[PDB]
Amino acid sequence: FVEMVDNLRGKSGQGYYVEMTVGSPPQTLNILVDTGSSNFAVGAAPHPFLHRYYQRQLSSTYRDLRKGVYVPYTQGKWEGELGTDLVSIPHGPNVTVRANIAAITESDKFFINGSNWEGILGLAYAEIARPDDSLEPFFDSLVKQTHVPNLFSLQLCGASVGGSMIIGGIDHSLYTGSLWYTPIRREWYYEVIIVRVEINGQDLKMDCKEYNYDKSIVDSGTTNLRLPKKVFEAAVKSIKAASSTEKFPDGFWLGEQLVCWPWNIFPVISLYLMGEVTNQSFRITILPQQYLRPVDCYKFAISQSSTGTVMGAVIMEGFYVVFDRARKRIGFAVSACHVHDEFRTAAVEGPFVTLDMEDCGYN
Ligand SMILES: NC1=N[C@@]2(CO1)c1cc(-c3cccnc3F)ccc1Oc1cnc(-c3ccnc(F)c3)cc12
């Protein structure tokens, strides 16, 4: 997998992208890597923000599905035209597959002014694909048409960012210690169940259903750790208390302003995840180095949500994350590239005894 190491690039706050090719002869595009959606969709028209776009007229292997797709999502929208073509990943496995591609022909607040990617690779499951679950996601096509094992793993390393997407396996050099696995509750988003939350080792003591109201997901396409309102409330309260050596405005905690300079006054955040065995859990712990984001000034990168918990880049940059689709589980291990100090490091630890973990899931 050496060839796949360092195959991700990005700019801070604009996501991680991987190089891909589409069509024959191959047209190179940079594509945003997104575990929180399920369509492969690429710019297909000369939008001013784009370095380049898919030109279907130049591809002998393009096939028109003669169907449109309309995709509003919470912070933007794209619309396009469905087709298939040959797709490969130059710094991925040595294969070429026929995949569904949505040629993006209209959009709003989707492309980022100044970014270096031209499309999105939705790595989640068919249940949330648009227009419906009959549009086979890219990764499903890749596994169906090749011998690539049904898993991928992400090391997001965090100004220009970098990382690794290991397609079809695990690179043990990218983590320390052991992987710990939590079940994929349902194959739609990469849905997981958080069974306990601590701030500096202090239990928030909420009914655990609240932690997963209405879901908890692992999402490379979200920057922040997003928490449901009631839990964000309780977590900010405890983090405020833990960091009371210095005072900050109410706006800072709501993302509305920055603060400038101090690590040790800020508490660690621990999420206990449902384990593989009955009544067994493990915990992942991140640092302020993960949830205080550079813009030395910083932004509070934990925010409230109405769509449930989102373990975005703030969580994922602490860990090597294994999307073990074959066994319906997600692995976490301490990342060999995460940012820390001489006093504290991100951790993955277990086993712990946790009862009633099935009650933590929302129905
Ligand atoms: N996980 C996630 N993916 C985003 C929103 O959150 C998305 C994120 C970004 C984005 C922006 C900044 C930094 N990182 C990113 F991934 C850009 C476009 C974008 O575009 C999207 C387009 N469609 C979806 C989508 C559509 C239908 N069902 C879904 F579940 C998700 C999601 C997204």
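Quick note: residue numbers are just sequence positions, from 1. Atom set for the values below is all heavy atoms of this structure, side chains included, hydrogens, waters and symmetry mates excluded. One-based numbering, in listed order, for ligands and for the atoms of each.
- Under the 6.0 Å distance and 45° angle rule, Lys77 does not count as a cation-pi partner of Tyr70.
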Checklist line | From CA spacing to verdict: side-chain contact (heavy atoms from CB on, under 4.5 Å), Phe110, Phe49 | finding: CA-CA 10 Å; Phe110 172 71; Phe49 297 174; over 6 Å; no
Less than 3.5 Å apart, N/O on ligand 1 and N/O on the protein: could you list those pairs with the distances?
{"unit_1": "ligand 1", "atom_1": "1 (N)", "unit_2": "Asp34", "atom_2": "OD1", "d": "2.9"}
{"unit_1": "ligand 1", "atom_1": "1 (N)", "unit_2": "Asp219", "atom_2": "OD1", "d": "2.8"}
{"unit_1": "ligand 1", "atom_1": "1 (N)", "unit_2": "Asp219", "atom_2": "OD2", "d": "2.8"}
{"unit_1": "ligand 1", "atom_1": "3 (N)", "unit_2": "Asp34", "atom_2": "OD1", "d": "3.4"}
{"unit_1": "ligand 1", "atom_1": "3 (N)", "unit_2": "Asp34", "atom_2": "OD2", "d": "2.7"}
{"unit_1": "ligand 1", "atom_1": "20 (O)", "unit_2": "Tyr73", "atom_2": "OH", "d": "3.4"}
{"unit_1": "ligand 1", "atom_1": "28 (N)", "unit_2": "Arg130", "atom_2": "NH2", "d": "3.1"}

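- In this structure, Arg329 forms a cation-pi arrangement with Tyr181, its terminal cationic atom sitting closer than 6.0 Å to the ring centre and no more than 45° off the ring axis.
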Checklist line | Stepwise salt bridge (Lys or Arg N to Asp or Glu O under 4.0 Å) test for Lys67 and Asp64 | finding: CA-CA 8 Å; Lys67 187 180 295 198; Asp64 200 332; over 6 Å; no
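- Scanning both residues, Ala336 and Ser173, for their nearest heavy atoms gives CB-O, 3.8 Å.
- At a cut-off of 3.5 Å, with distance as the only test, no side-chain donor of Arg185 or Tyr362 sits close to an acceptor on the other residue.
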